[PDB]
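To start, the structure itself, in structure tokens.
With ideal geometry, Cβ positions are generated from the backbone for all residues, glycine too; neighbour counts draw on all protein chains shown. We did not get these values from a lab; they are worked out from the coordinates using the rules stated.
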Amino acid sequence: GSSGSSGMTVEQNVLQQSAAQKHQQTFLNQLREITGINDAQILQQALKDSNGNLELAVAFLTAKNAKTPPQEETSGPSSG
């Protein structure tokens, strides 16, 4: 079981590393915010291509759905 062993230690995190990296769900969710995409058919597609590389999943996504250039048209900018 779990039990009340150990008192606040950093011995139950170092594991997360990698172990987490290997999690499709975690990936999609990752590319979900990164690119902000929601569709899974798009998130997965990126992953599939990347072959398991977020950077590639983002690059592929980024090199597909980006903001339009400073052309003559409406849009509506934003700032703080």
* Might you check whether a residue that is surrounded by 10 or more Cβ atoms within 10 Å (Cβ to Cβ) and aliphatic (A, V, I, L, M) occurs anywhere in the range 8-17? => no
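Hey, among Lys64, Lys48, which residue is on the phi < 0 side of the Ramachandran plot, surrounded by 10 or more Cβ atoms within 10 Å (Cβ to Cβ) and in a loop (DSSP other than H, G, I, E, B)? Outline the logic, then answer.
Values: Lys48 fails: in a loop (DSSP other than H, G, I, E, B).
Every option except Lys64 fails the conditions.
Output the residues belonging to the range 34-80 that are of a type in the set (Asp, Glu) and within 17 Å of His23 (Cα to Cα). Break it down into steps so the answer makes sense when it comes.
Going through the range 34-80, the residues of a type in the set (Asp, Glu) turn out to be 39, 49, 55, 72-73.
Those that are of a type in the set (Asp, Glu) and within 17 Å of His23 (Cα to Cα): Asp49, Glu55.
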* Give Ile37, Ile42 a once-over and let me know the one that is surrounded by 14 or more Cβ atoms within 10 Å (Cβ to Cβ) and part of a loop (DSSP other than H, G, I, E, B). => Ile37
